[PDB]
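Coordinate inspection notes
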Amino acid sequence: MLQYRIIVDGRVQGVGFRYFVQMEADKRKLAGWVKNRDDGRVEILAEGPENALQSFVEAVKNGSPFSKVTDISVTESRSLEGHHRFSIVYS
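Going by the header, the method for this PDB entry is solution NMR.

Here we look at the pairing of strand β3 (residues 42-48)
Extensive coverage of β3 is indicated by the burial of seven of its seven residues. Covered by surrounding structure in β3 are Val42, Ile44, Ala46 and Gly48 together with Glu43, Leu45 and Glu47, the residues of both alternating faces. With seven bridges joining them, strand β1 (residues 2-11) and β3 adopt antiparallel strand pairing. Across the sheet, the residue bridging to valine 8 is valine 42, located in β3. As paired elements, strand β2 (residues 31-36) and β3 share six bridges and run antiparallel to each other. Along β3, the bridge assignment pairs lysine 35 with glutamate 43. Where β2 folds back onto β3 in an antiparallel hairpin, the turn is made up of five residues, including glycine 40, whose phi is positive at roughly 110°.

Here's the deal with the UniProt feature "domain: Acylphosphatase-like" in the protein chain
Mapped onto the present numbering, the UniProt feature "domain: Acylphosphatase-like" falls at residues 3-90. Split by type, residues 3-90 is 26% helix and 40% strand. Its first and last C-alpha atoms lie 20 Å apart.

As for the environment of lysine 35
With respect to the helices, strands and loops of the structure, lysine 35 is situated in strand β2. Overall, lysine 35 belongs to the buried group, its relative accessible area being 17%. Ignoring any residue separated from it by four or fewer positions in sequence, one finds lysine 35 in contact with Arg18, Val42, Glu43, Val89 and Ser91.

Things to note about the environment of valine 60
Inspection of the secondary structure assignment puts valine 60 in helix α2 (residues 50-62). As for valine 60 and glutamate 76, which are separated by 16 residues in sequence, their C-alpha atoms are 16 Å apart. Every residue in contact with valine 60, bar those within four places of it in the chain, is listed here: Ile6, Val8, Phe17, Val21, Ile44, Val69 and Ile72.

Notes on the sheet that holds β3
Taken in spatial order, the five strands make up an open sheet running β4-β1-β3-β2-β5, and their pairing is mixed. The open sheet has two edge strands with one neighbour each: β4 (68-77) and β5 (86-88). Averaged over all pairs of adjacent strands, the angle between strand axes in this sheet comes to 15°, irrespective of strand direction. Most of the contacts of helix α1 (residues 17-26) go to β5, to which it runs at about 175°, and overall it touches β1, β2, β3, β4 and β5. Those strands touched by α2 are β1, β3, β4 and β5, and its axis lies near 5° from that of β1.

What counts and what doesn't
- Residues numbered from 1 in each chain as written, not as in the entry; some residues may be left out.
- Heavy atoms only, no water.
- Buried < 20%, exposed > 50% of the residue type's maximum accessible area, 1.4 Å probe, protein only.
- Helix = DSSP H or I, 4+ residues; strand = E, 2+ residues; numbered from the N terminus.
- Pairing = 2+ DSSP bridges.
- UniProt positions renumbered as here; feature names shortened; annotations may be inferred.
- Contact = heavy atoms within 4.5 Å.
- Axes fitted to C-alpha atoms, helices over the stretch in contact; angles between N-to-C directions.

Structure follows, in structure tokens:
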């Protein structure tokens, strides 16, 4: 299994981006979190098998049905923190 952190920018807020990422993690049974930052970026942390994890990132490149991503970045860790579920958060 693999962990990613993802950061996203563009038309990526006020579209349900948190909700769409939550269900896109859920439909792969990933675990992790999503937040949508005051600085304008989305931030995500996700954990799962690397193929599903990559496919989830490929979906994040689209964003919501209403997004226009203009930049995306990824970081990784070859060991998990071990999240139990995938959650929208605001911290």
